[PDB]
Amino acid sequence: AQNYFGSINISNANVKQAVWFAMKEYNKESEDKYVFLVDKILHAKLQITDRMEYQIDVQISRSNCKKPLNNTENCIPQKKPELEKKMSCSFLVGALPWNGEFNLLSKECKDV
Amino acid sequence: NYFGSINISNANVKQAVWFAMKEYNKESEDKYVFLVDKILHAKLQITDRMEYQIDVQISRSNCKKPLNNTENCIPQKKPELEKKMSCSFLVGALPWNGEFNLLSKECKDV
Amino acid sequence: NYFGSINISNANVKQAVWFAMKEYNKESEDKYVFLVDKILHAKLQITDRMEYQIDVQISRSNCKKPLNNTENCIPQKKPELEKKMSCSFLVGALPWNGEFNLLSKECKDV
Amino acid sequence: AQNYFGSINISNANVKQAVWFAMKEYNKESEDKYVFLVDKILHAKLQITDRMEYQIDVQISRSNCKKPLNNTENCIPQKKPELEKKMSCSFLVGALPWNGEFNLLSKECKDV
Ligand SMILES: [Cl-]
Ligand SMILES: [Cl-]
Ligand SMILES: [Cl-]
Ligand SMILES: [Cl-]
Ligand SMILES: [Cl-]
Ligand SMILES: [Cl-]
Ligand SMILES: [Cl-]
Ligand SMILES: [Cl-]
Ligand code: NA
Ligand code: NA
Ligand code: NA
Ligand code: NA
Ligand code: NA
Ligand code: NA
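Protein chains in written order, with the authors' numbering: chain A, 31 to 142; chain D, 33 to 142; chain B, 33 to 142; chain C, 31 to 142.
Structural data, given as structure tokens:
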């Protein structure tokens, strides 16, 4: 049905910043002991209202990095089968990206 | 003229549309918010400022003004309130300084 | 050399052309403003500052200086005032810091 | 093995700023008499973690400009055979590019 969301390039620096922001907040809010990182950015859509709203679909996986990330470098996807975890997530990120203002409005993740 | 086509993908074109629609809705004598169906075309004229001439299709939403944020806005489904328009906006900017100004608006029913 | 071609679509090329043309017009003792017919080519060299060598076609407009708060500038239609040039500008910059300098200009008729 | 770095378009303005930053640091740290400049940016990968991490492959060459570019001569690749030198470099640049914050995390250059 009709809405005011339009597909947007995933190349866009603001989409990448929206994903950076969403994943920072996802990890802070999650009850998992491990950091999830981005396997792939799958799709992005933009709604223009009083703010910019990015609806972003990402594939994320459980890393071998324990929260909090701190200065840990080269986190890799879990290699232990019992800890391997892949999810498809949809994030709704509100922004005035020209003002560096981002807000995670909604999250939904499913196992894949 | 001195207008050249620019990509609608350009972050400053999207900010110019956001800015034009904020001013369109503030200035409108409507109960409802109009939102962007489609950005149709953009051209840029370079003078003492950047001027973006942007064509957009807008429609009346089911959201009453001022935009409340939490609500889900979609095009009107009620026949007497359905309204689609083709708009041309001229937005002046020094986008590197966060400065945008609506120079001109023109909307026609479609 | 260390100059590489870049897309004229790039936001920083458009800011570099804005800066070059503002300085070109400020330096010119013409009573009319010159605006860009087309941006032709654009190259970037990365040293201590970003350097953009941009090739543009410009023409004498029907607007006299200072540009008015309203804007209706088109190429001159009076034969004795018609003037088109191919220009090369070298713009040095830290575009993230709002720092631009017009290092060099070169213009040829038609 | 798996990691969280993904190839990105080298056209990206933040890749160009990352290379500007990396080359400034490369040249200040080098013991060469001459400035090295960029023949070509070859490839870029992005990891999104608590910061943006750019893994950038560049071809650099020894210029005819001696250090530190204070007389601002127009630099070209060396035309003297014994000074001609091309290298393939990998730079790892950590950044919050929306905040103008860049850090050179790693450099590695090889003759080609
Ligand atoms: Cl490392
Ligand atoms: Cl009404
Ligand atoms: Cl104005
Ligand atoms: Cl053009
Ligand atoms: Cl500065
Ligand atoms: Cl001239
Ligand atoms: Cl950093
Ligand atoms: Cl910072
Ligand atoms: Na922006
Ligand atoms: Na066109
Ligand atoms: Na203009
Ligand atoms: Na208009
Ligand atoms: Na390039
Ligand atoms: Na994190």
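The C-beta atom is built at its ideal place from N, Cα and C for all residues, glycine as well.
CB contact check: A:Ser60 to chain C, cutoff 7 Å: It does not; no Cβ of chain C falls within 7 Å.
Residue-chain proximity (D:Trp50, chain B), Cβ-Cβ < 7 Å: Not an interface residue.
Spatially closest choice to B:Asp141 from B:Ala48, B:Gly130, B:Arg92, by CA coordinates: The option with the nearest alpha carbon to B:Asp141 is B:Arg92.
Span separating the alpha-carbon of A:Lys116 from that of A:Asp69: Approximately 9 Å, taken between the alpha carbons.
Chain-order list of residues whose beta-carbon lies under 7 Å from that of B:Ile38 (same chain, five-residue window excluded): Once the five neighbours on either side are set aside, the close Cβ partners of B:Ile38 are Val45, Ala74, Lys75, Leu76.
For C:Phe51, the first and last residue of its enclosing alpha helix (DSSP H): Per DSSP, C:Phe51 belongs to the alpha helix (DSSP H) from 43-59.
Contacts that B:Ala43 makes with chain D (C-beta to C-beta distance below 9 Å): Those within 9 Å of B:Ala43 in chain D are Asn42, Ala43, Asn44, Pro127, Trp128.
Whole runs of the beta strand (DSSP E) within the segment 55-91 of chain B, excluding any shorter than 3 residues: Counting whole runs of 3 or more residues, the segment 55-91 of chain B contains the beta strand (DSSP E) stretches 64-78.
Where D:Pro98 falls: helix, strand or coil (DSSP): Under the three-state reduction of DSSP, D:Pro98 is assigned to coil, being neither helix nor strand.
Neighbour list for B:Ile106 in chain D, Cβ cutoff strictly below 8 Å: Ordered by position in chain D, the residues that pass the 8 Å Cβ test against B:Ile106 are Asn33, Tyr34.
Segment contact flag, the segment 95-109 of chain C with the segment 60-67 of chain B, C-beta cutoff 8 Å, min 3 pairs: No, the segment 95-109 of chain C does not touch the segment 60-67 of chain B.
For B:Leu135, the first and last residue of its enclosing beta strand (DSSP E): Run containing B:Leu135: 131-141, per the beta strand (DSSP E) assignment.
Closer than 6 Å: B:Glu55 CB and nearest ligand 11 heavy atom: Flag unset: Cβ of B:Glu55 not near ligand 11.
Residues that DSSP places opposite residue 209 of chain C in a beta bridge: The question about residue 209 of chain C has no answer, for chain C in this structure spans 31 to 142.
Per-residue contacts from C:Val68 into chain B (C-beta, under 7 Å): Residues of chain B passing the Cβ test: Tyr34, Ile78.
Chain B contact residues for D:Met82, given Cβ-Cβ distances below 8 Å: Going along chain B in sequence order, the residues near D:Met82 (Cβ under 8 Å) are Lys46, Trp50.
Chain C contacts from the segment 109-141 of chain A (Cβ-Cβ distance under 9 Å): Of all residues in the segment 109-141 of chain A, only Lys109, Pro127, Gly130 come within less than 9 Å of chain C when Cβ atoms are compared, listed by chain position.
Helix, strand or coil at B:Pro127 according to DSSP, with G and I counted as helix: Correct three-state label for B:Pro127: helix.
Where A:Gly130 falls, given that 16 or more other Cβ within 10 Å makes a residue buried: Per the 10 Å Cβ criterion, exposed.
Identity of the residues DSSP links to A:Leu122 by a beta bridge: As computed with DSSP, A:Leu122 is found in a beta bridge with A:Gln85, A:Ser136.
beta-carbon D:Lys75 near ligand 4 non-hydrogen atom, thresh 6 Å: For ligand 4, not one heavy atom lies less than 6 Å from the Cβ of D:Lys75.
Sheet register partners of D:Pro107 (DSSP bridge): BP columns for D:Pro107 point to D:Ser93.
Proximal residues of chain C, C-beta to C-beta of A:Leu99 below 8 Å: Correct list: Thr79, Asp80.
Check: C:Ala125 C-beta below 6 Å from any heavy atom of ligand 7: For C:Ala125, the Cβ falls inside the 6 Å cut-off from some heavy atom of ligand 7.
Inter-residue Cα distance where the pair is A:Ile90 and C:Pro127: Each residue's Cα considered, the two are about 23 Å apart.
Contacts that D:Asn57 makes with chain B (C-beta to C-beta distance below 9 Å): Listed by position along chain B, the residues whose Cβ is nearer than 9 Å to that of D:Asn57 form an empty set, because the closest Cβ is around 24 Å away.
7 Å Cβ shell around A:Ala48 - same chain, five flanking residues per side excluded: Closer than 7 Å at Cβ, skipping near neighbours: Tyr84, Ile86, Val123, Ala125, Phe132.
Proximity test, C:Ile71 beta-carbon vs ligand 13 heavy atom, cut-off 6 Å: Distances from the CB of C:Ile71 to the heavy atoms of ligand 13 include at least one below 6 Å.
Environment of A:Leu72 [buried if 16+ CB atoms lie within 10 Å]: A:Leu72 is exposed by the Cβ-count criterion.
Rounded C-alpha distance that separates B:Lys58 from C:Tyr56: So the alpha carbons of these two residues sit roughly 38 Å apart.
C:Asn129 beta carbon near ligand 8 (any heavy atom closer than 6 Å): Checking the Cβ of C:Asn129 against ligand 8 gives yes.
One or two residues paired with C:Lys116 in a DSSP bridge: DSSP output for C:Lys116 lists C:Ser91 as bridge partner(s).
Closest by C-alpha distance to B:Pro111, when choosing among B:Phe35, B:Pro98, B:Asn94: The shortest C-alpha separation from B:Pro111 is found at B:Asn94.
Below-7 Å beta-carbon distance, C:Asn39 vs any chain A residue: So yes, C:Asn39 belongs to the interface.
Distance CB(B:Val88)-CB(B:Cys139) smaller than 7 Å: Pairing B:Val88 with B:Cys139 gives a Cβ-Cβ distance that is not under 7 Å.
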